[PDB]
Amino acid sequence: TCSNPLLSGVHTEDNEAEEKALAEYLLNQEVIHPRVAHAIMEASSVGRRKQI
Amino acid sequence: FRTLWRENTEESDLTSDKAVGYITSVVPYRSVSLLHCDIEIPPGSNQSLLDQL
Amino acid sequence: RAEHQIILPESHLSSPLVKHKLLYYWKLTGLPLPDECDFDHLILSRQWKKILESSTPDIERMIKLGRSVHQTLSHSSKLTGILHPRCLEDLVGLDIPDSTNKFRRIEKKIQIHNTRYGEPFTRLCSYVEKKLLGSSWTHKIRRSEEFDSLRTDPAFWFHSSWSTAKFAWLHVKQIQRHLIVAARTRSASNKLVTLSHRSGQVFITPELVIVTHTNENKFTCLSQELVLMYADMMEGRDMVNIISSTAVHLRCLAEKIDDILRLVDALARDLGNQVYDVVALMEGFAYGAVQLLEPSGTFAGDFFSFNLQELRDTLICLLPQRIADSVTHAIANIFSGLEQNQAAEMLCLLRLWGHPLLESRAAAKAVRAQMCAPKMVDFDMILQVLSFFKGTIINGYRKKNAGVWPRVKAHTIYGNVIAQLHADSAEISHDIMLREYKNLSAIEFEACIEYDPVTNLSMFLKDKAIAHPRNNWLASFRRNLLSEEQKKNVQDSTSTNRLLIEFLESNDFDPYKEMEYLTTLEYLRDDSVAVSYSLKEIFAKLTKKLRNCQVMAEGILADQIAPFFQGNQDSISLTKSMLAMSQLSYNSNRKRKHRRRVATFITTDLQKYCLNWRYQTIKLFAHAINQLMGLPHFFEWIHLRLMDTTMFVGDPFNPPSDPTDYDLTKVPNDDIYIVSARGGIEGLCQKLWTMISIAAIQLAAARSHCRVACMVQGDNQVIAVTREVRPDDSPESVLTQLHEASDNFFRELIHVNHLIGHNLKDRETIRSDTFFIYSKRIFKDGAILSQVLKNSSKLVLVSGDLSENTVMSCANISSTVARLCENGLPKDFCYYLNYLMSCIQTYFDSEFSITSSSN
Amino acid sequence: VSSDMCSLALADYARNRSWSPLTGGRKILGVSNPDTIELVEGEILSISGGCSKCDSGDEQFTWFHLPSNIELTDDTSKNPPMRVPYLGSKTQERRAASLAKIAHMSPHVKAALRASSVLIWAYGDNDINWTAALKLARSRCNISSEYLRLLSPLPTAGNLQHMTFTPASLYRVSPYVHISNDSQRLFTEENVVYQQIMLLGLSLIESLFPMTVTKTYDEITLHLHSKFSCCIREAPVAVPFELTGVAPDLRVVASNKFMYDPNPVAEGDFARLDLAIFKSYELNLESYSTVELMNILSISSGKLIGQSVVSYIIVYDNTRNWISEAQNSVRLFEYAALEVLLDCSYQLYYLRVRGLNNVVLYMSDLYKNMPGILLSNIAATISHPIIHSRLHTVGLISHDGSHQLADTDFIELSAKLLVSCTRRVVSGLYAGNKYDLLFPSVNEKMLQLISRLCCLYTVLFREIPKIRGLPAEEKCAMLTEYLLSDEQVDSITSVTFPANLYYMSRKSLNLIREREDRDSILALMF
Amino acid sequence: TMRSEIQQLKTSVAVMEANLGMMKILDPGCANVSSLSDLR
Amino acid sequence: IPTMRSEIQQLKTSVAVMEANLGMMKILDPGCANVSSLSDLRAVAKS
Amino acid sequence: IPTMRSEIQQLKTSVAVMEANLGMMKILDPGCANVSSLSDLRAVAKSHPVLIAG
Amino acid sequence: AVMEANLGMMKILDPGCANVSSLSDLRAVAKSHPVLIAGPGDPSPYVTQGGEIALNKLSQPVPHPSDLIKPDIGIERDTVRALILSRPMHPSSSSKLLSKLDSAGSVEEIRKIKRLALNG
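As structure tokens, this is what we get:
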């Protein structure tokens, strides 16, 4: 029920889709680095939604 | 060249039996050809201090 | 059905103790009310006939419990109900064998745990110390004596004094919580559990617990959050007794603690609630027992003698003179002979007799005695503080923006020195602020700071209650207890009045538009602004839009204007800064190659700080910050709003007494009301008042020619006054220069706080050469002074309320055991202590569970 | 696996086997740090023989020393000095004044540059990873790829982040303990592990003295040895590649100030940033030789020494070391002395310090009795035994005026090295030589620095034309007028800007760390 | 002339003492049983 | 005559601070709460 | 210097300002004549905050 | 000028530092001020015929000035036992100080033992 103009896009519906997609892009690679992928997800907009 | 400091300082002061035990544990038995002793003594010390030294 | 088994009733006390909640359920049951409540202002004015006709289950339980108490107890003599805290020593000795039998099973199983696993803990701890400290530090190092007393006495938790009361009150608390969870579901069996204890009976319902002593023909009723308080204090003082009797360097405290624990418990039988005036002094005696160890003649025993003086001067107003002198003698003989660490360990005796019963009438009296009081301030000292205020703003802006002064109105620079410092853009020294204060305080600024209104956003998302506005303010009280003509004005609320939820659900939120509620003075037009003071011993309830502007003003100040001042981080940065500040003590550098820098310390706490600020003092400081922002009228809003409105102490179980109260603009400056408040409310505008106090401390530094390191939050102020001594100087002259600097700065601090209307509690302020006091920790000569017993009094047995979570409870136990080990215990003791207390926890959840309806 | 393997082999086996359905046989790595207790073996020496570890062929340890006869009372007239003990440095986080910088970056820009640096550090440096890093950093800000290729900081440690008042312990004996760390070579980096060892050692030292003790009586040394551990891992090789697949869409709004910076970079940033783009085409530093990189560290560890300490209350010990930067360079203290001379040429000129043997005497005045006493950076630098041995070889440090321990705490020997390097630079400039004046932030500053060199020449090379009170151009014209009224003239009549001095320092330091021929070139200069 | 000089200096002295340091500022707080509409 | 005019100049810069202090004395009254902060304190004192 | 007479034309005039307003300020005498009620604050809020600069 | 013609001094009688009795002393040393009404309200309960205003330690006008006006033997003995028992001291000297302390009988010579205990 968030309706103020500030923090508008914090709750969307493809949040799970973006989160799963970004985690799958970062982790499913040649070498798996979970700490730096956690840092990248934390730095991107998904981590900004989680931190808000 | 080898020093004689096993990180402990009453093995350095020659008014201590631990100095004798440490140095005679390190140095081989009767192998020094030139011993030297450049020690100082404070003025008016204990007589037993000089005895132990 | 099963939804109601989630948000379980809270298992430790986390809310104030309202007296009239207990009084409400006392009269709502059929029992005689206690003796000091015979002329009560809220008991003798309600319509009790209509209340008992409501026939809710809440009232029916109390009626049946009243009949149950009448039937099991004497009819011949006089029924005497006694009120907390006059029943402390009686409930101290509660002894239910029906629950001691339930705890001996846990005791037996944990003695089995020791007898099958105690020696491998010895082998583990000797292993770890042998691996970390080599096999040469092992022929003469063995286990500690705390570990040995833990190893030979596995049931330490079961075999102290206060253990039987701990068993009884934990059992009664768990039965109470079970009864509340059962009474959430509307269908119910008999909700009256009767336990049988030594010379009496205990009656347990979802609203009250009644303890009846039959030989004395007396009884007492305890509300829903008062058995939580008794259970918390019983397991707290039991754990304090355990730790102080097993720790080797603390054994001399244990008997001392027991003596003082019984001493006040006698005094509560005739001081009543006023005995919480005596408990409030106990803190000072600990500080008084540290200041006995000063390295001089001066500053020695002053605050000990002051606390002892105030102790006798409060006891003689109630007790006989011989008894008061003997009690003062016993207090002085308990706190005498304490070591450095022990005298700071005696701060555990703070929350250990529990809490006074609060009521709204006395609290509103104590507020309006200091808030509607007139004040007379001094214009010249205001100009001196304002000159240092603007000088610190100029130095902060010139440090931040690379050597450039802020945008000053050019024709308002007066004098030649300030004109030269302007045209050279230099740093204004404190001497030029003090000498040219008449020309510096008259300076102005222009709009030269870009701000952000919604800077933080972690503060808009707080769960803070919002006082629903002054047309609907009677909905703050329980509708059961309003009168009839007052009950028509209680409207219904489609909101939750929470800052979080109503921040999220407010379309068309613009922060710049919301600041126009203060810049344009529309907040002073509005006739729907209410302020609600809370029953505490810091919290207020504003309306929505006023709370929004308050949070915005705090964001604007802590963003930009606040970090200009060196007085106000991180728990490592604080233990670096305060530790280095204590490195400057006399004793830390008594090795008497430039001038050595030494210091002596002043910890003060101003008398009634937040509500002695008036508009007339803060307006020029707020005016400076307004001109610096370009805002017409922003930061002086609090006094101008509180002058135009009246406010009330909000509490459900404390309605207004006189039932003819409709409008706030008509009620007298009486029962719960405060009309035209002049002071400020704590936490609101805290940054501005902090900054004004930093300006006053630097002014008192400059007026006595001393350099000062100050750390101040709100009313807690810690000052190191400094001195630069030569290596060829005697220690007597070092102490002499330090004490003259201390007395000179202390006189000037008293003086500059007096002329702007602030007492320091100037004989409660603690001057010392050795220690200072910050955030209830004592810093003495570069060592932090230990508080194991405070952390032992929080070694409790249920954590969290969201379920019967055992894992989070064991996690709380482990974090408090680590917090003990940091204050200095043996390591092996704390490790095996956590093992035993986790075992106590995990057997305490199989029994004593309030929802087992398989393990 | 079994019970008797070191715990990180077991934890890596557990992570691999537990994620094996999702992962499919690949090795989850970059995660495990060893247990601090299982890592080290300790030894305490108090009154007798030394550590049986270091007697048995061990070399690598940390060293903790508590003195004797320490009172824990208010009678404290025989104690050792009391300093603020080691609390633990996270990284001692600096404000972002980075490798190309903007003073007022919004936190979204910080998050974007953090993401770009971490991504390039982990997965390599090529076009695919910069495409992915651009795609991810668009979700927080609105900058182009050319800004990410330079504003992104150098990859050091930046994956770290994710109470009222609780002190970490009592501090009774830990303010007195001497910590030293210089006998650890593979566990001493920029790293978490030696921070853990330094905290464990202080907690063991304070564990030795229970609360019933007010007096220590002996000296105590810890060796925390960390060499023959079963948890000794070899640092693996990060082999770069390209991120297979495309980075996802990551939609974002321009409305949320809390989630998105719409316009970070401004016009006063536009000009100097795209001039740095233009000049950043000479950053082919991998193609350069190693000795030229050592020249870059000579002018780069230099020319900062002499800017912090020449500008022309609770004091801490929060000091730089310069202890690995000089361990790799080839004389940087020469450029330190040159920076101090070029800074102080104003007061050299206004006192009219003439001739050869008065400039060095005025520098001896300013160095020997500097009114500031905080030379503690070089005093912490040159006390290192390798650096002290190098300066005793070539660099002209004096012989010590006491025993080598108590030689004025090295806060005054650094002034002696400054005097020696100052006269070496003055004798070099008199003798027809110059120095490679790599002066960054590239005009006001160019004619300024030429006026500095001409002012040094003017006081070093009749009546001196007083240029006091003038603007810069009249000063430059009158000094060039006065000098050209007679090799040395070639020095009078006459470098670049790849990037700023800190980037040329750190990048070259790391590239010299990347070389393999560094040992033989170290042995070439003894 | 110097005749108005000492007059202006003594009037400025009377301002500098009588307006400046000798000036105290009173908030008459409402320490009395009254309503808000009474004070309005 | 320089000792004439220096007295006059310091009377200017020490009389102007009295208007600057009377404006401050005016705005401490809660009546003058509409007098916005962006106003010259001399000109507040003169009206 | 004939300028200073005109500056007297400033200074005395400014003194004629000060005694103009110091008789208008609510100096407390024994008797409590010129006391102010709360409602004046209430009367000030009803308009926007004004500027008395120049 | 007319600077002293209207600024009626109002005889402010601050306690400030000292707080001794006898209002004669407070009437004597009391610098006079031109107080200025700023806040809304009625100060007539706080002024007095004679033109005087008595302030508190919180700079509060109090209606009748005698509220400011408003020794022990046991507290001194207890504090000096606290000093003797609590400070570091040789045991025989501490016992001999403790012996001749119950023999005291006035506030005088408790102070002698106090300045003999801190300085001994």
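Residue numbers (the entry's author numbering), protein chains in the order written: chain A, 1002 to 1053; chain B, 1844 to 1896; chain C, 8 to 544, 553 to 583, 587 to 610, 629 to 889, 894 to 895; chain D, 1107 to 1268, 1277 to 1304, 1310 to 1431, 1442 to 1458, 1461 to 1573, 1579 to 1597, 1601 to 1625, 1634 to 1641, 1645 to 1676; chain E, 261 to 300; chain F, 259 to 305; chain G, 259 to 312; chain H, 274 to 343, 350 to 399.
C-beta atoms are modelled at their ideal positions from N, C-alpha and C, and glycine is treated no differently.
> Rounded to whole angstroms, how far is the Cβ of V297/C from the Cβ of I814/C, which I believe are closer than 8 Å?
Replying inline: 6 Å
>> Let me see if you follow: with CB-CB separation under 8 Å, is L296/G close to chain C or not?
In response: yes
> For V711/C versus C290/E, is the C-beta distance shorter than 8 Å?
Replying inline: yes
>> Distance cutoff 8 Å, beta carbons only. Does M283/F sit that close to anything in chain H?
In response: yes
> Given that a residue counts as buried once 16 or more other Cβ atoms are within 10 Å of its Cβ, and exposed if not, what is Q1052/A?
Replying inline: exposed
> Exposed or buried, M1494/D, counting other C-beta atoms within 10 Å across all chains shown (16 or more means buried)?
Replying inline: buried
> Would you call the segment 350–361 of chain H and the segment 304–313 of chain C touching, i.e. three or more CB-CB distances under 8 Å?
Replying inline: yes
> Do you know offhand how far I103/C's Cα is from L202/C's?
Replying inline: 7 Å
> Out of curiosity, what's the CA-to-CA distance linking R8/C and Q208/C?
Replying inline: 32 Å
> Excluding five sequence neighbours on each side, which residues of the same chain lie with their C-beta closer than 7 Å to the C-beta of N1382/D?
Replying inline: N1248
> Does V293/E come within less than 8 Å of chain C when only Cβ atoms are used?
Replying inline: yes
> Nearest to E1252/D by CA position, among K1398/D, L1549/D, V1371/D, is which residue?
Replying inline: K1398/D
>> Cutting at 6 Å between CB atoms, please list the residues of its own chain near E17/C, excluding the five before and the five after it.
In response: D837
>> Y1480/D and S1417/D - do their beta-carbons sit closer together than 8 Å?
In response: no
> With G570/C and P460/C assumed to form a contact (beta carbons below 8 Å), what rounded beta-carbon distance in angstroms separates them?
Replying inline: 7 Å
>> Against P307/G, what residues of chain C qualify as contacts under a CB-to-CB distance less than 8 Å, listed in chain order?
In response: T526, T527, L528, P668, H669
> First and last residue of the alpha helix (DSSP H) that includes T1524/D?
Replying inline: 1516–1524
> Which term fits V234/C, buried or exposed, when burial requires 16 or more other beta carbons within 10 angstroms of its beta carbon?
Replying inline: buried
>> Given this structure, state the Cα-to-Cα distance separating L1622/D from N1232/D, to the nearest angstrom.
In response: 53 Å
> Expressed to the nearest angstrom, what Euclidean distance is found between the alpha-carbon atoms of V179/C and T227/C?
Replying inline: 15 Å
>> Just to check my reading of the structure: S835/C and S828/C have Cβ atoms closer than 8 Å, yes? What is that Cβ distance to the nearest angstrom?
In response: About 16 Å separates the two Cβ atoms, so there is no contact after all.
> Which residues in chain H sit within 8 Å of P260/F, going by Cβ to Cβ distance?
Replying inline: The contacting residues do not exist; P260/F stays about 27 Å from chain H at best.
> Can you give the Cα-Cα distance for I786/C and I148/C, rounded to whole angstroms?
Replying inline: 55 Å
>> In the DSSP output, what is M683/C paired with across the bridge?
In response: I710/C
> For the alpha helix (DSSP H) that contains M383/C, what are its first and last residues?
Replying inline: Segment 382–385 is the beta strand (DSSP E) holding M383/C; no alpha helix (DSSP H) there.
> Between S84/C and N224/C, is the Cβ-Cβ spacing less than 8 Å?
Replying inline: yes
> Cβ of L299/G less than 8 Å from any chain C Cβ?
Replying inline: yes
> If you draw a straight line from the alpha carbon of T772/C to that of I1884/B, how long is it in whole angstroms?
Replying inline: 40 Å
> Taking just the CA atoms, how far does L229/C sit from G361/C?
Replying inline: 13 Å
>> For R477/C, count the other beta carbons within 10 Å of its own beta carbon; 16 or more makes it buried, fewer makes it exposed. Which is it?
In response: buried
>> With a threshold of 8 Å between beta carbons, is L286/F in contact with chain H?
In response: yes
> Using CA coordinates, which residue listed in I1176/D, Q1426/D, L1254/D, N1265/D is at the minimum distance from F1328/D?
Replying inline: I1176/D
> From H306/G to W480/C, what does the alpha carbon distance come to, in whole angstroms?
Replying inline: 29 Å
> So which residues of chain E does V273/G contact, with C-beta pairs closer than 7 Å?
Replying inline: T271
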